[PDB]
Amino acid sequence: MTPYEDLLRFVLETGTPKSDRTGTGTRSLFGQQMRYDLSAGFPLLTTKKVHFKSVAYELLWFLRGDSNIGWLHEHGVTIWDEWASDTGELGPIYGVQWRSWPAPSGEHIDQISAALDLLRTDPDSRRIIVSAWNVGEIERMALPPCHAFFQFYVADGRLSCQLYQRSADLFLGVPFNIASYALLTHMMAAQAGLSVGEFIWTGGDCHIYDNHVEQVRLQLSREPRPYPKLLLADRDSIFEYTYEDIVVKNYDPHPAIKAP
């Protein structure tokens, strides 16, 4: 019922001091795991208000296979601007690898479509995998992939997804990542004719930045509310979902906490 907050508390109390690329100190643990039963509720956080619009649009953008911020801008989303070129380009980041992993043949692999196929025709496959960690291409990316690699699993007509995320800004970043992949899992399940199972979040370096400590204590003092419910309009292709096809119902968070 509070996998994120449990993890957040554990790292707060138990994390090891560790210097960071950004010059801010962190407390961190390595190899941590959160598990959500999606059937019980949609894990958009209630102990602090999370901006779902940013989440949903970024995901739709990924599913386009889009390396340009343009389409995000058409929709008022600016979360990627900082890193873009004067043309708006970011290099072959997430979505580009999801939809268009360049194969030696000179062709391209749509990992999203490949996975949906497997889920429909061979649900017991243990190879239903999407990777964004394209070693040869990472240098051309504005940023190395963070949520790097994910797998699907099917049991009893329920779809599960496990994400491997190599680095996790537990306070500022992870709440978006959880919501994003949960959303992805609903979209995949709907398109594969399955229901939702578990979302499993597995992290590499899980850290609380030193300048978020007070914000974390605030958030940990709050009693979680019941989770909202996720609803999707009917579509016959994952690539046809729009922002308007998604509804987050009964989302009742505590107030947003702004970070320094």
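A residue's number is simply how far along the shown sequence it sits, counting from 1.
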Stretch with higher mean Cα temperature factor, 11 to 19 vs 245 to 253, is 11 to 19
Out of 22 to 30 and 210 to 218, which stretch has the higher average CA B-factor listed in the record? 22 to 30
Based on the PDB record, which member of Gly136, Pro145, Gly91, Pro175 exhibits the highest Cα temperature factor? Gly136
Member of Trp83, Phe149, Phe152, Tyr181 with the greatest C-alpha B factor (per the PDB record): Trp83
Determine, from the deposited record, the chain-internal third of the Cα B-factor for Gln165: lowest, middle or highest. lowest
Cα B factor band for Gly95 (lowest, middle or highest third within the chain): lowest
Would you check the entry's CA temperature factor for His108 and let me know if it's in the chain's lowest, middle or highest third? middle
Would you please rank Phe199 by its C-alpha temperature factor against the other modelled residues of its chain and give the third it falls in: lowest, middle or highest? lowest
Test of reading the entry: by CA B factor among the chain's modelled residues, which third contains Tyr36? middle
